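Read-outs: derived from the displayed coordinates by stated rules, not from any lab. Cβ placement follows ideal geometry from the backbone for every residue including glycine, while neighbour counts extend to all protein chains displayed.
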Amino acid sequence: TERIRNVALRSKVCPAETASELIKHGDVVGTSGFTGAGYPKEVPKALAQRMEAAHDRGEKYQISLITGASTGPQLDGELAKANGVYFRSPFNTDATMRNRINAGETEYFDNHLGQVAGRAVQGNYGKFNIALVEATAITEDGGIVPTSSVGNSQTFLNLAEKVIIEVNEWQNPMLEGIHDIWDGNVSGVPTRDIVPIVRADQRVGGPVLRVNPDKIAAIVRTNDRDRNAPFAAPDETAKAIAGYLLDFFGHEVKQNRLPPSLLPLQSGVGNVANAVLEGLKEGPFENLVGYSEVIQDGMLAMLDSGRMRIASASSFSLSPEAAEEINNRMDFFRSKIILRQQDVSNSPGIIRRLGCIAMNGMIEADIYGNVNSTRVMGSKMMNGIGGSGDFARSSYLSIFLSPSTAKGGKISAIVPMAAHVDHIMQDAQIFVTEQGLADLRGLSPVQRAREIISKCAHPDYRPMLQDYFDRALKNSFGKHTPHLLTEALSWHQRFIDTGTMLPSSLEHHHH
Amino acid sequence: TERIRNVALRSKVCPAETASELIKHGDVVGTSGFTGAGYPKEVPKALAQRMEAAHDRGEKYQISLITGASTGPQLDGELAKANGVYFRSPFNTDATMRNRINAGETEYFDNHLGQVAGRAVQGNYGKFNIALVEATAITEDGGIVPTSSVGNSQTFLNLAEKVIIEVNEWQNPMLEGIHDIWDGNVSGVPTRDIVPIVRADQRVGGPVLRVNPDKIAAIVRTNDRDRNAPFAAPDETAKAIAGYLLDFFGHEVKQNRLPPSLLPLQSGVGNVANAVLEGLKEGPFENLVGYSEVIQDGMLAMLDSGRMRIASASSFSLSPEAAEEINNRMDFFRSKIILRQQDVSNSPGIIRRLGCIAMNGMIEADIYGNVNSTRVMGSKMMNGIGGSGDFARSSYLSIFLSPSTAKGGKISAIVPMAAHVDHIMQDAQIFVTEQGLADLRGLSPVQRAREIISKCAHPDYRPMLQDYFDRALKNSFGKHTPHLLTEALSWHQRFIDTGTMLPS
Ligand SMILES: [Cl-]
Ligand SMILES: [Cl-]
Ligand SMILES: [Cl-]
Ligand SMILES: [Cl-]
């Protein structure tokens, strides 16, 4: 079937290589793409090539690359390989791009995902030269049907001087109808509109991105796959974490602090999220609802069994197996899923109104329960804050989940002081590791520290943590949040110098 | 003219001492009180005295004290002296209470002010045994008219098992009409209601707090004063700061990034605010609107000079001169001011929708523009995060303002690394000191550093910050946000060891 159903736009179809020539050195480029789904593929590959060729001849060729969130090898990967990106925002998971960022070759700022559209409209990223957006289809009246994510595509389409569309025949035609795109003022000039979402299954818009066809400078016909990350099978650490979390939910229900259907759930991806979604599928709950950033394997399974009734997200993040399953049953799952603009999926007004339960990963937390989601040793970027801030602060309950150690035991995920902070104490109420669960509601910092050390810290590190804390309590400038500034960051430096946070017994250590 | 206009409730009047006896060791007490305005006074004093006596006889006698925000000597002060508060939330400015907190004798957690009502309903502080609320009057229908703040009072009245009302004759009877108390589910069980505020001057509720009269166990007639802000004027440092900000706003308007009337303004608690407001009072921006937590002296003046049209807040924080001024002209000012529940004034959904400009003070910022609002040397509580987070993260523009130094030049307000973080990089776009303004929008952390160091840092400290940053760029573990962890916190330790951040 013909995917470009607007006859007039067919005249703008052309090869990827030619379309990529529309993108000039210094251009700010907004693209589709969120958790490895729905990013443009062929134009970025052709761009990277021409970039490398330019560079080889001593000619500068770099762009500013603003996305929904993370993309995949064909975009972030190819462009970072070509060294073709001078500035990147707001979220990346590609390893080559991460190396450019951590070497200072690509300037990076990881804005809260729900705020990116707003800040783009305010002009923070400068003037948008190009919007580059992947589509399932173009409708009879020139509407752009998105693919496996919505992200910021509508905002980029509004702002950009020129538009390039990739129509990807790999994406299932029955994605059409799954998106909800609102024409209301979510991220524009104040006063903004009330986003009137009062239930997770509510649609407020329509199925297409809107763009003036006169801005469309090229359409490229493509056929290439998203980045479908291998399924991260839960290990015993992930299963233990999930166990403690599910025990906690069951307890809150039995104490009437949560309904039996819990509240709208936001979860991440990976090992632990997968263990939690598997536990929810088997637990004593019913009629669950997702209001998250992403749809993952475990959510599909609950939508299939009827355990989950609806899942709202901005994107899919599926394994190949799960992708195949939803592709063969898009008719059924399309009725269970709403994909929203990320400035709506990550809207704090909505997250709070709905009372979402936030469940997020972390690099580390300190004994007072300040959380680092991004910067290893305080200076090396992992991925970015993403929407963890959007959700942690706005949620009914903010839960952080992590192995108690990293790097094969050589790093403790509970430290004296976090080397960088993404989520302040006030934005984190519950911590879960494979060692147990700390409930910090209503506690002072010293009381948080007693719970976090006793419930969450690994036994190999707990005596060092207790020693730091005990001595801080005796010696800190103030006793409200006790610290020893002489050693607060010394475990990290110890790791930098020696590859482990564990002390050597050839020198003294108070514990 | 009788303040208690419900005849039947007059039979509940009793002595402050007798009322205090309703409050038992271990109780959770929610009170009125926000920025030194509208907190109960007599029952706390009577309680404090009974607490000391009990301690002497060997009887434990402490409470949990949950407020709107800060109170004053009659409440926080007296209970601190008596050592009668085991836990305190969310915001304190009383010196005696601060000393209990920093000595570890009172447990404190400074929640975001807009979230306190919600967490209290959730059960985070435990069950509320008592709500102790100051009132201007009690209407014929049994409505409780608030005094100089709303705070969390509606929520505490809802939650508490027993209610004590102090009716304070000192408070102006013409406060009645000024408050807007919403019927809706703002902070209750999800799903919450949409709060239909789309304009800062929009009233959506009524003038009184609602409470079941069967829950009222005692009404205490009182007569005692709120705290006042000092009467003290902006010095050359604050005026320099206001000058840079006002120039910034001017450039924004000229570039069409702000309207000529700007956007609703949130002005933080502090003295740099006064400079800023005093600057706006005679600035080129007309038809201004406040959507804030508090009505300061500055705001009152603009409401007077017509330069500001309306101000929404949860509370008053006025000098005695300004207090006298508004109490002479309440009929004028009452039409210009709306006092709301703090979970409405500080609602992130509302703040974002209105597109507030947030202007807040700070202890320090690091060179990457993380902000500390609360904890000196990372461990010693000043006041609390208050509503600075609610507004910083939700605002259209998040501005932080500060002298570039503290303690007569012996502390730099710009440091290699903040000893504690309240506001992350993502929540701070603009910094202003008396040295200049740093516009960080669209910038990576190293780019932020270059702006903050060059524009904001004091000349005494700027070469030292540049030295730290340059060696970090060379030697840091990663280069995205360069640090030398062996010296990131060394300026703070140097201050602890020697009394100054300047090397010998
Ligand atoms: Cl809204
Ligand atoms: Cl809490
Ligand atoms: Cl709302
Ligand atoms: Cl920005």
### Failed item in (1) within 16 Å of ligand 2 (Cβ to nearest atom); (2) in contact with an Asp or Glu (Cβ under 6 Å, 6 or more places away or on another chain), with B:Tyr125 passing the rest
(2)
### Task
Residue by residue through segment A:454-494, note down the ones that are more than 14 Å from A:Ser412 (Cβ to Cβ), in a helix (DSSP H, G or I) and hydroxyl-bearing (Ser, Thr, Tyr).
A:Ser454
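Listed here are the residues, each with its yes/no results for (1) in contact with a strand residue (DSSP E or B) (Cβ under 6 Å, 6 or more places away or on another chain); (2) surrounded by 18 or more Cβ atoms within 10 Å (Cβ to Cβ).
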| residue | (1), (2) |
| --- | --- |
| B:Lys254 | no, no |
| B:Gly283 | no, yes |
| B:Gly290 | yes, yes |
| B:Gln296 | no, yes |
| B:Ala322 | no, yes |
### Message
Can you find a residue that is of a type in the set (S, T, N, Q) and within 16 Å of ligand 1 (Cβ to nearest atom) anywhere in segment B:196-208?
### Response
yes
## Note on the structure
All conditions in (1) assigned to a strand (DSSP E or B); (2) touching a residue at least 60 places away in the same chain (Cβ under 8 Å); (3) not β-branched (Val, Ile, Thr) are true of A:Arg88 except (2)
### Message
Yes or no: segment A:67-74 includes at least one residue that is in a loop (DSSP other than H, G, I, E, B), free of Cβ contacts under 8 Å to residues at least 60 places away in the same chain and more than 16 Å from ligand 1 (Cβ to nearest atom).
### Response
no
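A quick yes/no check of all residues on (1) out of contact with any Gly (no Cβ under 8 Å at 6 or more places or on another chain); (2) basic (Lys, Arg); (3) surrounded by fewer than 24 Cβ atoms within 10 Å (Cβ to Cβ):
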| residue | (1), (2), (3) |
| --- | --- |
| A:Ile414 | yes, no, no |
| A:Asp427 | no, no, no |
| A:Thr433 | yes, no, no |
| A:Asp470 | yes, no, yes |
| A:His483 | no, no, no |
| A:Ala488 | no, no, no |
### Query
Does A:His508 meet the test of being at negative phi, more than 37 Å from the chain's Cα centre (by Cα) and more than 11 Å from every other protein chain (Cβ to nearest Cβ)?
yes
### Query
Which condition number in (1) within 16 Å of ligand 1 (Cβ to nearest atom); (2) not in a loop (DSSP other than H, G, I, E, B) is the one that B:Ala217 fails?
(1)
### Query
Of all residues in segment A:88-108, which are at the interface with chain B (Cβ under 9 Å from one of its Cβ atoms), of a type in the set (A, V, I, L, M) and either crowded, with 23+ Cβ neighbours inside 10 Å or within 16 Å of ligand 1 (Cβ to nearest atom) (or both)?
A:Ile101
## Note on the structure
Residues of segment B:229-250 being touching a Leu at 6+ places or on another chain (Cβ under 7 Å) and in a loop (DSSP other than H, G, I, E, B), in sequence order, are B:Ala229
### Message
Under 9 Å between Cβ atoms, which residue pairs at least 6 apart in sequence (or on different chains) link something in segment B:192-217 that is more than 17 Å from B:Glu176 (Cα to Cα) with a partner that is within 16 Å of ligand 2 (Cβ to nearest atom)?
### Response
B:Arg192/A:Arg352; B:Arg192/A:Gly355; B:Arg192/B:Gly118
### Matching residues, segment A:423-476, being in contact (Cβ under 8 Å) with a residue 60 or more places away in the chain and charged (D, E, K, R)
A:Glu434, A:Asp439, A:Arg448
### Query
Of the residues that sit in segment B:120-150 and are within 21 Å of B:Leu47 (Cβ to Cβ) and within 14 Å of chain A (Cβ to nearest Cβ), which one is surrounded by the fewest Cβ atoms within 10 Å (Cβ to Cβ)?
B:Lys127
### Task
Kindly check whether there is at least one residue in segment B:109-119 that is surrounded by fewer than 17 Cβ atoms within 10 Å (Cβ to Cβ) and either away from ligand 4 (no atom under 16 Å from the Cβ) or not in a strand (DSSP E or B) (or both).
no
### Summary
Across segment A:120-138, the tally of residues that are outside any strand (DSSP E or B) and small (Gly, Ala, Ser) stands at 3
### Task
Only residues in segment A:151-174 that are under 17 Å from A:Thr136 (Cβ atoms) count as the first member; pair them with residues that are of a type in the set (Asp, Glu), Cβ under 7 angstrom, at least 6 apart or cross-chain, and list the lot.
A:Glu166/A:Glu42; A:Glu166/A:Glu134; A:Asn168/A:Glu134; A:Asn168/A:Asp224; A:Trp170/A:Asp224; A:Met174/A:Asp331
### Query
Among A:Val167, A:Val163, A:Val189, which is among the hydrophobic types (A, V, I, L, M, F, W, C), within 11 Å of chain B (Cβ to nearest Cβ) and over 24 Å from the mean Cα position of the chain (by Cα)?
A:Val189
### Query
Do any strands (runs of 3 or more DSSP E) entirely within segment B:287-347 hold 3 or more residues that are in contact with a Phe, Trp or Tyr (Cβ under 9 Å, 6 or more places away or on another chain), and if so, which?
B:308-313, B:337-340
### Task
Identify the single condition in (1) assigned to a helix (DSSP H, G or I); (2) of a type outside the set (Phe, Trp, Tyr); (3) out of contact with any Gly (no Cβ under 7 Å at 6 or more places or on another chain) that B:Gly104 does not satisfy, given that it satisfies every other one.
(1)
### Among (1) more than 16 Å from ligand 2 (Cβ to nearest atom); (2) in contact (Cβ under 8 Å) with a residue 12 or more places away in the chain; (3) not in a helix (DSSP H, G or I), the one test that B:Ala80 misses
(3)
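I'd like the full set of residues that are of a type in the set (A, V, I, L, M, F, W, C) and touching a strand residue (DSSP E or B) at 6+ places or on another chain (Cβ under 7 Å), limited to segment B:6-22.
Passing the criteria: B:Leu9, B:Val13, B:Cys14, B:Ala16, B:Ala19, B:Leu22.
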### Query
Within segment B:454-504, restricting attention to residues that are under 32 Å from the mean Cα position of the chain (by Cα) and aromatic (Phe, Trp, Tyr), which residue is farthest from the other protein chains (Cβ to nearest Cβ)?
B:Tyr461
#### Entry: Residue that is over 27 Å from the mean Cα position of the chain (by Cα) and outside any helix (DSSP H, G or I), where the choices are A:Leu9, A:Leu22
A:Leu22
### Query
Is it true that A:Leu209 is in contact with a strand residue (DSSP E or B) (Cβ under 6 Å, 6 or more places away or on another chain) and farther than 24 Å from A:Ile351 by Cβ?
no
### Task
For residues that are under 30 Å from A:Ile357 (Cα atoms) and among the polar types (S, T, N, Q), scanning just segment B:159-216, find the one that is farthest from ligand 4 (Cβ to nearest atom).
B:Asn185
### Query
Which members of segment A:145-195 meet the condition of being part of a loop (DSSP other than H, G, I, E, B), among the aliphatic types (A, V, I, L, M) and more than 16 Å from ligand 3 (Cβ to nearest atom)?
A:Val150, A:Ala160, A:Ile178, A:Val189
### Message
Yes or no: segment B:251-274 includes at least one residue that is assigned to a strand (DSSP E or B), more than 16 Å from ligand 3 (Cβ to nearest atom), over 24 Å from the mean Cα position of the chain (by Cα) and away from every other protein chain (no Cβ under 14 Å).
### Response
no
